[PDB]
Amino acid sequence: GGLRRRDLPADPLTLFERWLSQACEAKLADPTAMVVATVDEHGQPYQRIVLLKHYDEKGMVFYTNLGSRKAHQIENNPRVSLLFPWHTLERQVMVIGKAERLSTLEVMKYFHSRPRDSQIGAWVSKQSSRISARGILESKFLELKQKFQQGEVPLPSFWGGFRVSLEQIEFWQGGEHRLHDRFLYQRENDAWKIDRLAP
């Protein structure tokens, strides 16, 4: 039935929650997978996929290695863009905001709530650095996989997370006659301003 303004919820997260729910129901691979774009010191954008782990009015959260390229880029420029590649369902959601670091209390909590093999793998790689061979990863994994025995596997000091604020949330949905529906929610004065955008 297309996407009409009169049917839009006041809070964009209500629409996002609905769409995310429908993506899970349609069994898309990694429905929480989103492409995060950051920008380096030279004005060059970079992209990579990460998984959305939690979200609310304060923003969308993902975890990563603090020595990674995306982390170094965010430290120099906190402005990021997030895009949910849901084109298989003829949809896209894009979020614009600032990335802020999570506290260790938050990171520890989430970290110890995930499968133990994932807790162990977080220790393995010096994410994004050049390495001379795959073997380096394999050896370290074997070492950690035994040195820990997985007693409770501690939080690496280089593991962290970012919360991206919700400054703008844009929805795209395939439309009849290829006349696609686009709505931009823009945070303005403690409220959301909504505008339809030409496709």
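We number the residues from 1 along the sequence you see.
Mean CA B-factor, 136-144 versus 42-50: the higher value falls on 136-144. With 147-155 and 53-61 compared on mean CA B-factor from the PDB entry, the stretch scoring higher is 147-155. Sorting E176, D181, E17, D11 by the CA temperature factor given in the entry leaves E176 at the top.
The deposited CA B-factor of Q119 belongs to the highest third of values across its chain. Per the deposited record, the Cα B-factor of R79 falls in the lowest third when ranked against the other modelled residues of its chain. Sort the modelled residues of the chain by CA B factor and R91 lands in the lowest third. Per-chain ranking of the deposited C-alpha B factor places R130 in the middle third. Among the modelled residues of its chain, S113 has a C-alpha B-factor that falls in the highest third according to the deposited record.
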